[PDB]
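Please read the structure below before turning to the comments.
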Amino acid sequence: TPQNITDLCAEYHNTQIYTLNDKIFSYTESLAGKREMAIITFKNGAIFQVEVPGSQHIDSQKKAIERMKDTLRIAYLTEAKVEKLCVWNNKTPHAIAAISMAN
Amino acid sequence: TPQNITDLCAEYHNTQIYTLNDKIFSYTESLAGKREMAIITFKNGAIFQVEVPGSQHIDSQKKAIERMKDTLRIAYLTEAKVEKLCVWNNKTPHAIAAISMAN
Amino acid sequence: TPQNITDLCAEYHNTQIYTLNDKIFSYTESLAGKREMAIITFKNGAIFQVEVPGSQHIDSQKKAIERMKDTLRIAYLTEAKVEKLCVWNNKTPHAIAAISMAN
Amino acid sequence: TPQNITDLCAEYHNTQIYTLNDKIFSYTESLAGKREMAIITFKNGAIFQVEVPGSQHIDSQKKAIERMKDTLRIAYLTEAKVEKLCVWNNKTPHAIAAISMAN
Amino acid sequence: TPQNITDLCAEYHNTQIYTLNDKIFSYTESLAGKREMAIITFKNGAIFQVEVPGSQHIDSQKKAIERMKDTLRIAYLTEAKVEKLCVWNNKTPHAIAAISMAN
Ligand SMILES: CC(=O)N[C@@H]1[C@@H](O[C@@H]2O[C@@H](C)[C@@H](O)[C@@H](O)[C@@H]2O)[C@H](O[C@@H]2O[C@H](CO)[C@H](O)[C@H](O)[C@H]2O[C@@H]2O[C@@H](C)[C@@H](O)[C@@H](O)[C@@H]2O)[C@@H](CO)O[C@@H]1O
Ligand SMILES: CC(=O)N[C@@H]1[C@@H](O[C@@H]2O[C@@H](C)[C@@H](O)[C@@H](O)[C@@H]2O)[C@H](O[C@@H]2O[C@H](CO)[C@H](O)[C@H](O)[C@H]2O[C@@H]2O[C@@H](C)[C@@H](O)[C@@H](O)[C@@H]2O)[C@@H](CO)O[C@@H]1O
Ligand SMILES: CC(=O)N[C@@H]1[C@@H](O[C@@H]2O[C@@H](C)[C@@H](O)[C@@H](O)[C@@H]2O)[C@H](O[C@@H]2O[C@H](CO)[C@H](O)[C@H](O)[C@H]2O[C@@H]2O[C@@H](C)[C@@H](O)[C@@H](O)[C@@H]2O)[C@@H](CO)O[C@@H]1O
Ligand SMILES: CC(=O)N[C@@H]1[C@@H](O[C@@H]2O[C@@H](C)[C@@H](O)[C@@H](O)[C@@H]2O)[C@H](O[C@@H]2O[C@H](CO)[C@H](O)[C@H](O)[C@H]2O[C@@H]2O[C@@H](C)[C@@H](O)[C@@H](O)[C@@H]2O)[C@@H](CO)O[C@@H]1O
Ligand SMILES: CC(=O)N[C@@H]1[C@@H](O[C@@H]2O[C@@H](C)[C@@H](O)[C@@H](O)[C@@H]2O)[C@H](O[C@@H]2O[C@H](CO)[C@H](O)[C@H](O)[C@H]2O[C@@H]2O[C@@H](C)[C@@H](O)[C@@H](O)[C@@H]2O)[C@@H](CO)O[C@H]1O
Ligand SMILES: [Ca+2]
Ligand SMILES: [Ca+2]
Ligand SMILES: [Ca+2]
Ligand SMILES: [Ca+2]
Ligand SMILES: [Ca+2]
Ligand SMILES: [Ca+2]
Ligand SMILES: [Ca+2]
Ligand SMILES: [Ca+2]
Ligand SMILES: [Ca+2]
Ligand SMILES: [Ca+2]
């Protein structure tokens, strides 16, 4: 079991760490059908998504996707500094797999 | 996959973007039978709804509908600026499909 | 679709609008068996309940009842001004069907 | 139906009202097998639990028990004054049935 | 029934009390398949996890695991002081069983 986000992200061939060290600039969410997703941005121009759930996810992933959307919303509204994101960089915009917050 | 609210909105028929750049003026919610909805207003007189779940929603949007009302409530209570709403403009009040918050 | 709490409330028998224009004075909640409810009071003496879920309710109201107790708790804790309540006046205390909040 | 926590408590055997008029001094929660509970304390030395779900609880209480833990946590973190607790006094620590907040 | 976290922790083997008396330095959360977990750190170098849910957790702990991650996120965002953690010291990093928070 990894002990930080960088070592977690290393376990997935399909991933990359972004180091932001900045609050979320905008939060977007959608209830439109097949686009039940969130999108966040940073002042540096980075855009990331929390993906729509699909067959790419086992049951535990579904719950954690909902959690991540909860986390990004409150992080936005509290101006919490996001340290790093672990993202899938094959998806466009890059999909969030993990988040670290420190400040 | 859309990278922003406007791209997302532009995916659907009978939608438009409202650019509010303002906090929500009022928040209403009902648990009355057949009217399990929310209504928000802005100072400019704009009124929007999160629709009652009916036939026009696939069962997967049900969770996103619940999340949207949670988002609107906490946005209202934190006085968070709403940047844009993507709405079905053929409903009265116009029906919320997506939201972005910035600044 | 109604555009406001007053018009929504008018769609049901045995309801009326109370116009409080005030913060909730007290918030009570119970997990006791057959009393799984919330009660709020206002400085003016008004007492209102969120009713225990039951036969009088329909399936789509279940989630909305829970949402309403969520809303009253966080309204209480943020000292949010309650504009209006739509309530059933054939219950004691009168039973909340909808709420609006405005600055 | 009761109109306040004192009348509510009187409906049950083995209960009594604790009048605290004070914030929660500490909040503990456990995910440990068979001790999935919350414990709260007050500065005066009072200690109270939200019981582990069990055969003393009917199905309608399950969501209420989870709600009460949500309530205690947020009350703790907001330093919200707890007026009264309705508790079962045939358990150690006494087991919360109902909470009233006012300040 | 335990009245505090220390007496609670003693009911289990391979569990130990860590007294932090400090706020959470960093909060990490992941939705990656098979790593649906939270990691928290403290300034003193201590690292703790909420475990990915698994065959080692009984049914009554599944809800409590999701709650704990909720509790840790909100604790991090409010800079709440963690008094003690009860953890399984046979996991790497050590896995949270319970938390106490006090002023
Ligand atoms: C090459 C790489 O490692 N990643 C790129 C990413 O660039 C990275 O992130 C940006 C913000 C900056 O820190 C770069 O130095 C860094 O390599 C690209 O990001 C785009 O950057 C431009 C710069 O102004 C715009 O801001 C653009 O909107 C950014 O793309 C968005 O954000 C990304 C994280 C992706 O999710 C992308 O799909 C978004 O449109 C992108 C460009 O495709 O490609 C890698 O992510
Ligand atoms: C309380 C009231 O009567 N408000 C109207 C407002 O209509 C409300 O809000 C709109 C968005 C819609 O959801 C209505 O069903 C609801 O009553 C009017 O806004 C216009 O409404 C029409 C037809 O719905 C179009 O939506 C039009 O785009 C709206 O005007 C735009 O939004 C306004 C708030 C202004 O920013 C205006 O400049 C925009 O063009 C307004 C018309 O001013 O009248 C009341 O506020
Ligand atoms: C009227 C009377 O004699 N009450 C006691 C009560 O103590 C009183 O109330 C408590 C909260 C505290 O302020 C006491 O100082 C006060 O005298 C007993 O509560 C325990 O009291 C001792 C101190 O005497 C400790 O403070 C202890 O933590 C208290 O018990 C805990 O909290 C209680 C509310 C119960 O949930 C109990 O199970 C916990 O262990 C109680 C309990 O024996 O007995 C009378 O009510
Ligand atoms: C990032 C890093 O290298 N941290 C170590 C820290 O270990 C981490 O945190 C502990 C709680 C545990 O979850 C580890 O699995 C995790 O990597 C070290 O902490 C000690 O770790 C061992 C187990 O490896 C025991 O848990 C031991 O009790 C821990 O020491 C206590 O906590 C420390 C932070 C100090 O307060 C120490 O005085 C305590 O005894 C520490 C020390 O080895 O070093 C890094 O911080
Ligand atoms: C216009 C009128 O006569 N209305 C009464 C209610 O009395 C009015 O509203 C109260 C909230 C007070 O502001 C009162 O001064 C005002 O005239 C009456 O409510 C009760 O009033 C008594 C005091 O006389 C207490 O305040 C009591 O708590 C009130 O009742 C509770 O709150 C209500 C809104 C309902 O939910 C009741 O079920 C509660 O018990 C009501 C009920 O007697 O009757 C109207 O006709
Ligand atoms: Ca700011
Ligand atoms: Ca801070
Ligand atoms: Ca203001
Ligand atoms: Ca701000
Ligand atoms: Ca005040
Ligand atoms: Ca305000
Ligand atoms: Ca204080
Ligand atoms: Ca206050
Ligand atoms: Ca600080
Ligand atoms: Ca404090």
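Chains as they are written, first to last, in the UniProt record's numbering: chain A, 22 to 124; chain B, 22 to 124; chain C, 22 to 124; chain D, 22 to 124; chain E, 22 to 124.
Even for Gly, the Cβ is constructed at its ideal location relative to N, Cα and C.
*asked:* Can you tell me whether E104 (chain E) sits near ligand 12, meaning its C-beta is under 7 Å from at least one heavy atom of the ligand?
replied: Start at 1 with the first residue of the fifth sequence, and residue 104 (chain E) comes out as number 83. Set against 7 Å, the gap from the CB of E104 (chain E) to the closest heavy atom of ligand 12 is not smaller.
*Where DSSP assigns a beta bridge to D43 (chain E), which residues make up the other side?*
Position 22 of the fifth sequence, counted from the start, is the residue given in the question as residue 43 (chain E). For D43 (chain E), which the question treats as bridged, DSSP gives the partners E:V103.
*List the endpoints of the continuous beta strand (DSSP E) containing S81 (chain B).*
In the second sequence, the residue the question calls residue 81 (chain B) occupies position 60. No beta strand (DSSP E) contains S81 (chain B), which DSSP labels as neither H nor E.
*With DSSP as the reference, label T27 (chain E) as helix, strand or coil.*
Stepping through the fifth sequence from its first residue, residue 27 (chain E) is reached at position 6. Helix, per DSSP.
*Please list, in chain order, all residues of the same chain as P23 (chain C) whose beta carbon is under 6 Å from its beta carbon, the five residues on each side excluded.*
Along the third sequence, read from residue 1 onward, the residue named residue 23 (chain C) stands at position 2. Cβ within range, chain order: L29.
*Hey, would you say the C-beta of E100 (chain C) is under 7 Å away from at least one heavy atom of ligand 8?*
Within the third sequence, the letter at position 79 stands for residue 100 (chain C). No; taking the cut-off as 7 Å, the Cβ of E100 (chain C) has no heavy atom of ligand 8 nearer than that.
_Beta carbon of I95 (chain B) nearer than 8 Å to that of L98 (chain A)_ = Taking the first residue of the second sequence as position 1, residue 95 (chain B) is located at position 74. Taking the first residue of the first sequence as position 1, residue 98 (chain A) is located at position 77. Yes. Within cutoff.
*How close, in whole Å, do the beta carbons of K55 (chain B) and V73 (chain B) come, if the pair is a contact with beta carbons under 8 Å?*
Residue mapping note: residue 55 (chain B) aligns to position 34 of the second sequence, counting from 1. Residue mapping note: residue 73 (chain B) aligns to position 52 of the second sequence, counting from 1. Confirmed, Cβ separation roughly 7 Å.
*Do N124 (chain C) and ligand 11 come close, with the Cβ less than 7 Å from some heavy atom?*
Numbered from 1 along the third sequence, position 103 holds the residue referred to as residue 124 (chain C). Yes, ligand 11 has a heavy atom inside 7 Å of this Cβ.
*At a cut-off of 7 Å, is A59 (chain B) close to ligand 2 when judged by its beta-carbon and the heavy atoms of the ligand?*
Mapped onto the second sequence, residue 59 (chain B) falls at position 38. False, no ligand heavy atom lies under 7 Å from that Cβ.
_I need the DSSP call for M58 (chain C), collapsed to helix, strand or coil._
Reading the third sequence from its first residue, position 37 is the one you call residue 58 (chain C). Looking at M58 (chain C) - three-state DSSP - the assignment turns out to be coil, as it is neither helix nor strand.
*asked:* Could you tell me the alpha carbon to alpha carbon distance between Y33 (chain B) and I26 (chain B), rounded to whole angstroms?
replied: On the second sequence, residue 33 (chain B) is found 12 positions in, with the first residue counted as 1. On the second sequence, residue 26 (chain B) is found 5 positions in, with the first residue counted as 1. Approximately 12 Å between the Cα atoms of the pair.
*Give the straight-line distance between the Cα atoms of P114 (chain E) and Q70 (chain E), rounded to the nearest whole angstrom.*
The residue you call residue 114 (chain E) lines up with position 93 of the fifth sequence. The residue you call residue 70 (chain E) lines up with position 49 of the fifth sequence. Roughly 6 Å between the two C-alpha positions.
_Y33 (chain D) in three-state terms, based on DSSP_ = In the fourth sequence, the residue the question calls residue 33 (chain D) occupies position 12. Of the three classes helix, strand and coil, the one that applies to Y33 (chain D) here is coil, per DSSP.
*Please classify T92 (chain B): does DSSP put it in a helix, a strand, or coil?*
Your numbering for residue 92 (chain B) matches position 71 in the second sequence. It is helical.
*Cut-off 7 Å between Cβ atoms - residues of its own chain near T62 (chain E), not counting five sequence neighbours on either side*: For the purposes of this step, residue 62 (chain E) is taken as residue 41 along the fifth sequence, with counting starting at 1. Excluding positions up to five away in sequence, the list reads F46, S47, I68.
*Please name the residue, chosen from B:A116, B:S76, B:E57, that lies closest to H78 (chain C) on a Cα-to-Cα basis.*
Position 57 of the third sequence, counted from the first residue, corresponds to residue 78 (chain C). The residue with the shortest Cα to Cα distance from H78 (chain C) is B:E57.
*Separation of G75 (chain A) from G66 (chain A), as counted between CA atoms*: Numbered from 1 along the first sequence, position 45 holds the residue referred to as residue 66 (chain A). Numbered from 1 along the first sequence, position 54 holds the residue referred to as residue 75 (chain A). When rounded, the separation of the alpha-carbon atoms in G66 (chain A) and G75 (chain A) is 27 Å.
_Residue of E:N35, E:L106, E:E87, E:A116 minimising C-alpha distance to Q82 (chain A)_ = Along the first sequence, one-based indexing puts residue 82 (chain A) at 61. The residue with the shortest Cα to Cα distance from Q82 (chain A) is E:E87.
*Under the rule that 16 or more other beta-carbon atoms within 10 Å means buried, what is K90 (chain C), buried or exposed?*
Position 69 of the third sequence, counting from 1, holds the residue named residue 90 (chain C). Here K90 (chain C) is buried. Its C-beta has 16 or more other C-beta atoms within 10 Å.
*asked:* Nearest by alpha-carbon distance to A31 (chain E): which of E:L93, E:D43, E:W109, E:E100 is it?
replied: Working through the fifth sequence from its first residue, we reach residue 31 (chain E) at position 10. Among E:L93, E:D43, E:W109, E:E100, the Cα nearest to that of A31 (chain E) belongs to E:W109.
*With hydrogens ignored, establish whether the beta-carbon of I68 (chain B) is closer than 7 Å to any heavy atom of ligand 2.*
Sequence index remark: in the second sequence, residue 68 (chain B) carries index 47 (1-based). Indeed, a heavy atom of ligand 2 lies less than 7 Å from the Cβ.
*asked:* Whole angstroms are fine: how far does the CA of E100 (chain B) sit from the CA of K102 (chain C)?
replied: On the third sequence, residue 102 (chain C) is found 81 positions in, with the first residue counted as 1. On the second sequence, residue 100 (chain B) is found 79 positions in, with the first residue counted as 1. Cα to Cα, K102 (chain C) sits roughly 13 Å from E100 (chain B).
*Which residues in the same chain have their Cβ closer than 8 Å to the Cβ of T36 (chain B), if we skip the five residues on either side of it in sequence?*
Here residue 36 (chain B) refers to the residue found at position 15 of the second sequence. So the qualifying residues of the chain are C30, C107, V108, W109, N110, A118.
*asked:* If distances are taken between C-alpha atoms only, which option among D:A59, D:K105, D:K112 comes closest to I38 (chain D)?
replied: Locating residue 38 (chain D) in the fourth sequence gives position 17, counting from the first residue. The shortest Cα separation from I38 (chain D) among D:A59, D:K105, D:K112 belongs to D:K105.
*Roughly how many angstroms separate the alpha carbons of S121 (chain E) and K64 (chain E), rounded to a whole number?*
Position 100 of the fifth sequence, counted from the start, is the residue given in the question as residue 121 (chain E). Position 43 of the fifth sequence, counted from the start, is the residue given in the question as residue 64 (chain E). Answer to the nearest angstrom: the Cα atoms are 18 Å apart.
_Start and end residues, beta strand (DSSP E) containing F69 (chain A)_ = Counted from its first residue, the first sequence places residue 69 (chain A) at position 48. 68-71 is the extent of the beta strand (DSSP E) around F69 (chain A).
*Under a CB-based cut-off of 8 Å, is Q70 (chain A) close to chain B?*
Along the first sequence, read from residue 1 onward, the residue named residue 70 (chain A) stands at position 49. Taking CB atoms only, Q70 (chain A) has a neighbour in chain B less than 8 Å away.
*Just how far apart, CA to CA, sit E50 (chain A) and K112 (chain D)?*
Taking the first residue of the first sequence as 1, we reach residue 50 (chain A) at position 29. Taking the first residue of the fourth sequence as 1, we reach residue 112 (chain D) at position 91. Rounded to whole angstroms, the separation of the alpha carbons of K112 (chain D) and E50 (chain A) is 46 Å.
_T40 (chain E) burial status per 10 Å Cβ neighbour count (16 or more: buried)_ = Numbered from its first residue, the fifth sequence carries residue 40 (chain E) at position 19. Burial call: exposed.
_Rounded separation between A116 (chain E) and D43 (chain B) - CA only_ = To locate residue 116 (chain E), count along the fifth sequence from 1; it is residue 95. To locate residue 43 (chain B), count along the second sequence from 1; it is residue 22. Going from the Cα of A116 (chain E) to the Cα of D43 (chain B) covers about 44 Å.
*asked:* Please list, in chain order, the chain C residues whose beta carbon lies closer than 9 Å to that of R94 (chain D).
replied: Stepping through the fourth sequence from its first residue, residue 94 (chain D) is reached at position 73. Simply none; closest approach about 11 Å.
*Just by C-beta distance, which residues in the stretch 106-122 of chain B are closer than 9 Å to chain C?*
The stretch 106-122 of chain B vs chain C, Cβ under 9 Å: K112, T113, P114, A116.
*To the nearest angstrom, report how far apart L93 (chain E) and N124 (chain D) are at their CA atoms.*
The sequence position of residue 93 (chain E) within the fifth sequence is 72, counting from 1. The sequence position of residue 124 (chain D) within the fourth sequence is 103, counting from 1. Distance between the alpha carbons of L93 (chain E) and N124 (chain D) is about 27 Å.
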